[PDB]
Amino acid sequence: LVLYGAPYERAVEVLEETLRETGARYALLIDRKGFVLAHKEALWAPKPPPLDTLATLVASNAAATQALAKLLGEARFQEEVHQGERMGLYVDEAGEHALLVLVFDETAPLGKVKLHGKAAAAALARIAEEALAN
């Protein structure tokens, strides 16, 4: 589902708030398939590596987790934190039709993001349903 206009800014805005709230580089909402809906960044941050890719990788990574989810007694997982030695990337669903992906570094706590992800998902999924209905 594509985003545009007012409830797009709305989806834009929420990303902006988390950036303050998590002191980290790039937050990005995307539909499940892999097409970037939006992408908002930190003023204090360097240029963002081909985000056009990033997300479609996480969506390419989507049914890479879920497919395993069977044995584990579940349809799919949502929340997942992938930290590297220096920097780490956040991974989560924003509805049944949207994946939020944030990026974070050292200048953020493994805890302060987890917290400004999932709530914000619940904020952006509300936005999702509104972008497909009415």
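Numbers follow the displayed sequence, beginning with 1.
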13-21 or 118-126, whichever carries the higher mean Cα B-factor: 118-126
Which of 71-79 and 104-112 has higher mean CA B factor, as the PDB entry lists it: 71-79
CA B-factor placement of residue 56, once the chain's modelled residues are sorted into thirds: highest
Chain-wide C-alpha B factor ranking for residue 27, given as lowest, middle or highest third: lowest
Relative C-alpha B-factor of residue 94, binned into the chain's lowest, middle or highest third: highest
Residue 1 - which third its CA temperature factor falls in, relative to the rest of the chain: middle
